[PDB]
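Some notes on the structure that comes next.
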Amino acid sequence: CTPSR
Amino acid sequence: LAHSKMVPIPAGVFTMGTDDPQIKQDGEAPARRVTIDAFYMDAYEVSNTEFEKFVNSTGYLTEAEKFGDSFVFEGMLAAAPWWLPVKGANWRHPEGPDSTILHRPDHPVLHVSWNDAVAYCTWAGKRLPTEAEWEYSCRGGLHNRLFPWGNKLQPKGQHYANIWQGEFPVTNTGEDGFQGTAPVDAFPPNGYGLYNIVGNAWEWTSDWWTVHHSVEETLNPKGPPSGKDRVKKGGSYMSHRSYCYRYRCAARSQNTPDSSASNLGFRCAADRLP
Ligand SMILES: *[C@@H]1O[C@H](CO)[C@@H](O[C@@H]2O[C@H](CO)[C@@H](O)[C@H](O)[C@H]2NC(C)=O)[C@H](O)[C@H]1NC(C)=O
Ligand SMILES: [Ca+2]
Ligand SMILES: [Ca+2]
Ligand SMILES: [Cl-]
């Protein structure tokens, strides 16, 4: 749902 | 506008997680009884205007500004093809250098990392909520329901949160009134007075991430003492039943603390009023 940096 | 207002979350015991997990890999199970002392929770996600007051006061440069990029969803110009690291995307420029927040001062702040969120909340005399505090608050005084308001997505035919409608990622119909974010005071409050606790922006919590939970009863749990990713909750304007069914209080996901994206923000909590 959100990629990690 | 009182977009830094807090509401009192009452002392209580609740069932965290679920014995009917919908995303088993995320450790939604097992259901466990957790006791939470009375505390205060921000009614709203932190808005652009409120974050700007923090930056004005402190001069704080967010991690995304320092790194020089942040993740943006393709459909509004990685972990998926629809996530692009965009140079110059940050809280003031949510889709990149030629985007602005001037027309959306009351929308949740985005492209804020866990560290950014902790800096803001502490500046404000507050802190991040624990996952358990967050989930308790999300549930809004109801037991074992999917959503803050109950088990129906559109109760009485009304939209109650800003998520995705249509075929993700190709088409967002904007049926609920918002393609991207909505103002932090949009949609009905839950039983405790909280707005957009599911949907709109994902929300950081203080806990390190694990998927291994005991069934044991706990008091004011803080999560595991170590980890590599911090827990985020609640889903976002991108969430949909078909791919990221995480606009449920029991849902949970994670990112490394230096992560930032165009669908991730936060709200603060406090033991007492600041
Ligand atoms: C953050 O600080 C900026 C810069 O001071 C504020 O914008 C200015 O506010 C003054 C005082 O009202 C206005 O007269 C200027 O026209 C503004 N200048 C700019 C650059 O826009 C801004 O209001 C502050 N933001 C918040 C949320 O408090
Ligand atoms: Ca929407
Ligand atoms: Ca939210
Ligand atoms: Cl999402």
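Quick look at the numbers
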quantity	calculated
Every residue from segment B:208-235 that is outside any loop (DSSP other than H, G, I, E, B) and under 19 Å from B:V13 (Cβ atoms)	B:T218, B:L219
B:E45 vs. criteria within 23 Å of B:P8 (Cβ to Cβ), crowded, with 21+ Cβ neighbours inside 10 Å, within 16 Å of ligand 1 (Cβ to nearest atom) and not hydroxyl-bearing (S, T, Y)	yes
Any pair with Cβ under 9 angstrom, 6 or more apart, that starts in segment B:190-203 at a residue that is more than 14 Å from chain A (Cβ to nearest Cβ) and within 16 Å of ligand 2 (Cβ to nearest atom) and ends at one that is not charged (D, E, K, R) and not in a loop (DSSP other than H, G, I, E, B)	B:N196/B:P108; B:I197/B:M41; B:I197/B:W134; B:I197/B:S137; B:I197/B:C138
Selection count, segment B:157-204, where residues are more than 16 Å from the chain's Cα centre (by Cα) and not in a strand (DSSP E or B)	17
Near pairs, Cβ below 6 angstrom, 6+ apart or cross-chain, from segment B:156-168 (near ligand 2 (Cβ under 9 Å from one of its atoms)) to any residue that is among the charged types (D, E, K, R)	B:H159/B:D176; B:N162/B:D176; B:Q165/B:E175
Selection count where residues are aliphatic (A, V, I, L, M) and either near ligand 2 (Cβ under 10 Å from one of its atoms) or surrounded by 21 or more Cβ atoms within 10 Å (Cβ to Cβ) (or both), scope segment B:169-185	2
Extreme residue, nearest to the other protein chains (Cβ to nearest Cβ), among residues of segment B:231-252 that are more than 16 Å from ligand 2 (Cβ to nearest atom) and in contact with a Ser or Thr (Cβ under 7 Å, 6 or more places away or on another chain)	B:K232
B:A124 within 14 Å of chain A (Cβ to nearest Cβ) and in contact with a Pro (Cβ under 8 Å, 6 or more places away or on another chain)	no
Members of segment B:147-189 found to be away from ligand 4 (no atom under 16 Å from the Cβ) and touching a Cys at 6+ places or on another chain (Cβ under 8 Å), listed by number	B:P148
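Here, each number is a calculation from the coordinates, and none is a lab measurement. Here the Cβ is made from the backbone with ideal geometry for all residues, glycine too, and neighbour counts use every protein chain on show.
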